[PDB]
C-alpha cells in the first residue's frame, strides 16, 4: 500500500516579498530562482544556502529558463534577453554562440550533452558542452511537417519526438544516417491545444505525453508496433472529469491541474492520490538521482513524499 502526502518546505532565505520563478532538484541539491538570483541548497544540510547573482546586464533582464543536468553538475541559464550561460562551481560562462536562440525543447542525454529543438521548426540538434563553448550537430529535420519539437525522449539509441499531433520513434539511431528524417514508426494523437508548463516528460526510458484526450505513455526499454503498444490514461479516467504539468515516477504519473496534484498508476490507471494544495502553481519537479518529487508556486515549495511505491505494485509486475 502506497502512502503519498504533500509537505511544505521552509525556505527562510527568501524574504516575505521575493517571488520564485523556477525550481529544479538534482542529486539532493535544490535550485530555486527568483527573477535575478539563483539559490542552491543541499537538502542533506539545509541552513547552508548559497546564492549566485545572475550577471544580468540591463535592468529588464531576468531569468527565463533554467536547465539542470540530470546529476546537477551543470546549470544552464537563459535570460529573457536571449543570453545563455553556464553556472558551474560558482562561476558563470557565457555561451555567445547561441545568443538569442529560441528553443521549443531541451533534453539532457548526460552531464555534457543535450538535444534541442528550435521553436516553430521541426529541426533537432545535438549540443555538446566543451567547458568554454559548445559543438553542434543536426540530428533531425523534416520540412514536410510543421511546428517545433515539443517533446524529446532518448534512451540507449532510442529516440522519441513529438511535433504537434505526431509522435515519432526511432528504435536505434546510433547506426543510422544523419540527419534523421523518417522515423521507424509514427502515430497521431489530437494534441493538447492550450498552454501547459510541460506536455511531455521522460524518466528512466519511460515517457508520457499529454494530449487532448488523455495521456499517452510507455517505456523505451520495451516490431513496428512499439508506438501502438503505448498505454493511455484517458480524461474520463481522472477524478473531476486542464492538465498544466506532468512528471513521471518509477511506477506512477503525477499531474498538476489548477491547484490539485493527482497521482496515477502506470500499471493499471488507478488513481492513488488526489489533493488540493493569489498563489499560482508553476511546476512539478523530479530529482532523477534521488527519485524525489516536488511542486512549487510563486511563493512556496512543496515535497510530494511517496512511501512504499515498489511494494504497492509488486503484484502487478509479475
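Residue numbers count along the first chain shown, from 1.
Going from residue 178 to residue 179, the model skips none of the deposited residues; the chain is continuous there. The modelled chain breaks between residue 277 and residue 278, where 10 or more residues of the deposited sequence lack coordinates.
Looking at 13-21 and 296-304 together, the entry lists the larger mean B-factor for 13-21, computed on C-alpha atoms. In this crystal structure, the stretch out of 151-159 and 232-240 whose C-alpha atoms carry the higher mean B factor is 232-240. Comparing the C-alpha B-factors of 28, 59, 291, 270 in the entry, the top value falls on 59. The residue among 89, 245, 111, 172 whose C-alpha carries the highest B-factor in the deposited model is 89. In the PDB entry, a CA B factor belonging to the lowest third of its chain's modelled residues is recorded for residue 255. Sort the modelled residues of the chain by CA B factor and residue 265 lands in the lowest third. Ranked by C-alpha B-factor against the other modelled residues of its chain, residue 183 falls in the middle third. In this PDB entry, the Cα temperature factor of residue 145 sits in the top third of its chain's modelled residues, the highest group.
In the deposited entry, the Cα temperature factor of residue 202 places it in the lowest third of its chain's modelled residues.
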